[PDB]
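In this text, residue positions in the sequence shown follow PDB author numbering: the first is 1, and each later residue adds one.
Working notes for the structure below.
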Amino acid sequence: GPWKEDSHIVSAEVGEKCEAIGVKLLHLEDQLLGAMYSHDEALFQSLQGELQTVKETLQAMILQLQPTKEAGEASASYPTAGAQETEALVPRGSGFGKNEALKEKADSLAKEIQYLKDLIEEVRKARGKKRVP
């Protein structure tokens, strides 16, 4: 009769999965600070593979619980006028050297964690506890 295995066990399985991603996120943040300050090669490879596996599993989780449509989808345009221009004259770098290669990776990883945090917060808020009547 039944074709699918998951029908009732989905709301009780998300809580444990969310707690697992939370403990992994905290351990990944501590290992990220220790790997960037101490500088390593093995820790960066393991961090990239673990981050890609958590991102792929998180995308599959949101694609499994939340349905997807083929026809439709809204596109963004964002209005612009053009006010105030930014110009570079003094890079500034006191200490030992200059930071440019580490800044790009720090902003890219920080943006990926911000989107990852908003995604986990949206699934937690939508399923589990509801706000207002």
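Where a beta carbon is used, it is the ideal one built from N, C-alpha and C, also for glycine.
Residues in the same chain with beta-carbon distance under 8 Å from residue 32, minus the five sequence neighbours each way, listed in chain order, please. 47 and 109
**Reduced DSSP category for residue 96 - H, G, I as helix; E, B as strand; rest coil** = coil
| message | Measuring straight from C-alpha to C-alpha, what distance separates residue 12 and residue 88? | response | 53 Å
**Message:** I'd like to know if the stretch 77-85 and the stretch 11-29 are in contact, where contact means that at least 3 CB-CB pairs between them fall below 8 Å.
**Reply:** no
task = Please determine if the stretch 43-58 and the stretch 95-105 are in contact, where contact requires at least 3 C-beta pairs separated by less than 8 Å.
result = no
- Query: DSSP three-state call for residue 53: helix, strand or coil?
  - Reply: helix
_Using 9 Å as the threshold, is the C-beta distance between residue 93 and residue 15 below it?_
The Cβ atoms of residue 93 and residue 15 lie no closer than 9 Å to each other.
Please identify the residue among 113, 77 and 9 whose C-alpha is closest to the C-alpha of residue 58.
113
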